[PDB]
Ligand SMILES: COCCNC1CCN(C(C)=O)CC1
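Take a look at this one chain, the form solved without this ligand, written out in structure tokens.
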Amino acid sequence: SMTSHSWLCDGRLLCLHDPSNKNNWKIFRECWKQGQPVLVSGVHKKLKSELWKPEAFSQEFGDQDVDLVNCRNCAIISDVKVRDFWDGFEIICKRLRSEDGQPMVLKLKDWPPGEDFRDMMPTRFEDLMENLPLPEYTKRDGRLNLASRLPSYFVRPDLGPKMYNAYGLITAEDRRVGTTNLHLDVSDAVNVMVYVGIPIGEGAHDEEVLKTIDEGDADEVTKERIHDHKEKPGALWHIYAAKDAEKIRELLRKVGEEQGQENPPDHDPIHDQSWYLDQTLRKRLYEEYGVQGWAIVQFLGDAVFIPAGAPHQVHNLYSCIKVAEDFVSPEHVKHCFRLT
């Protein structure tokens, strides 16, 4: 039977089932006020699927100059063509190779650049903005989005949306690496999975994906979406409540010291965006500091709602195209205020 919602993370995470249900706000706002993330499934079924394919981006934009990042060592690949990224997205035999002769796991940096998404891609902009869930919160002019309404005493988000394009991590060693390291954002955001690319040539990398989800602390109900419904898993997230950010900084200062980093006692390891919490670090955070997070697997068409101030990290399981919009809900406006 169709139902309005269900729960993940053993009851701790709301999952809304119909992205365009006009009554979603009634269920959403109780969980959101408590500082929880929220998942909304099914957004892919609302979009024009031909606008969100890797081959389209390569054909239309391939001659643009860009920088890439090597996810394994954070090295910058400077001034290459955007087609050099897109043509290796799924076909492993086309990827740029490291000195060791292995295909690299790459992230496309700052593309489209700054605020240029709407000017560069007007049809994609319209397709995304008209199908975002919780539109009173997420649309630029929604009634519960304060972004356009606040004075300079508040940090205002840039005009969006922003795209996050990166290959999947592959090996046992890659399990300890981020696509994106732990950080936080002073505005709320909604992040939509618009495409998942499951590669070929090295096609059988499915068993290491199960061990990553299992060791990532994914709940038993999340594991059923793979084995029973055959949905495409894109990325593993860890999100932490905004109230736990300082305890996380204390853990990362202690580990920085143990590893022989030489850091002033007040430096900010979350703002530095230099850490990925692997299985060892997530267990130490729980045991030593009493902090529990949310382990979320984002499938094709899932929208992840990230509360302002909440630390989060992302580990792509397969190649992903994600598009995110920032907003300022009244529930979390304190996080962007510039005083006390």
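Throughout, we count residues from 1 along the sequence that is shown. For the two forms, the rigid core is made up of the largest set of C-alpha atoms that agree within 1.5 Å on superposition.
*Asks:* May I ask which stretch, 226 to 234 or 213 to 221, sits farther from the shown form in 9 other deposited structures of this protein once every structure is superposed on the core, judging by RMS CA distance?
*Replies:* Farther from the shown form on average in 9 other deposited structures of this protein: 226 to 234.
*Asks:* Where do the C-alpha atoms have the higher mean temperature factor in this entry, in 216 to 224 or in 136 to 144?
*Replies:* According to the entry, 216 to 224 carries the higher average C-alpha B-factor.
*Asks:* Do the C-alpha atoms of 65 to 73 or of 38 to 46 have the higher average B factor in the entry?
*Replies:* So the stretch with the higher mean C-alpha B-factor is 65 to 73.
*Asks:* If I read the C-alpha B-factors straight from the PDB entry, which of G168, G101, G88, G178 is highest?
*Replies:* Among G168, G101, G88, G178, the PDB entry lists the largest C-alpha B-factor for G101.
*Asks:* Out of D84, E115, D244, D188, whose C-alpha atom has the biggest B factor in the entry?
*Replies:* Answer for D84, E115, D244, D188: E115, with the highest C-alpha B-factor.
*Asks:* Looking at the temperature factor on the CA atom of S1, which third of the chain's modelled residues does it land in?
*Replies:* It falls in the top third of the chain.
*Asks:* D272: which third of its chain by C-alpha temperature factor?
*Replies:* For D272, whose C-alpha B-factor we compare with every modelled residue in the chain, the answer is the highest third.
*Asks:* So where's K109 on the chain's Cα temperature factor ranking, which third?
*Replies:* CA B-factor rank for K109: highest third.
*Asks:* Compared with the other modelled residues in the chain, in which third is the CA B-factor of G234?
*Replies:* Lowest third, going by the recorded CA B-factors of the chain.
*Asks:* Where does the C-alpha B-factor of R253 rank in its chain, lowest, middle or highest third?
*Replies:* For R253, the deposited C-alpha B-factor lands in the highest third.
Quick note: we don't show the form deposited with this ligand bound, though the next part is all about it.
*Asks:* Is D206 close enough to this ligand in the bound PDB entry to count, meaning some heavy atom within 4.5 Å?
*Replies:* Yes, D206 lies within 4.5 Å of this ligand in the bound PDB entry.
*Asks:* Do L251 and this ligand share at least one heavy atom pair within 4.5 Å in the bound PDB entry?
*Replies:* Outside the cut-off, so no.
*Asks:* Evaluate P161 for contact with this ligand in the bound PDB entry, applying a 4.5 angstroms cut-off between non-hydrogen atoms, and reply yes or no.
*Replies:* No, no contact at 4.5 Å.
*Asks:* Is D174 close to this ligand in the bound PDB entry, meaning a heavy atom pair under 4.5 Å apart or at it?
*Replies:* Result no; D174 lies far from this ligand in the bound PDB entry.
*Asks:* Please pick out the stretch from 198 to 206, 138 to 146, 255 to 263, 80 to 88 that is in contact with this ligand in the bound PDB entry, where contact means heavy atoms within 4.5 Å.
*Replies:* Partner-contacting stretch among the options: 198 to 206.
*Asks:* Work out which of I226, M121, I92, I170 lies within 4.5 Å of this ligand in the bound PDB entry, going by heavy atoms.
*Replies:* Spelling it out, the residue with a heavy atom inside the cut-off is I226.
*Asks:* Go through 299 to 318 residue by residue and record those having a heavy atom within 4.5 Å of this ligand in the bound PDB entry; state none if no residue qualifies.
*Replies:* Only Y318 sits within 4.5 Å of the partner.
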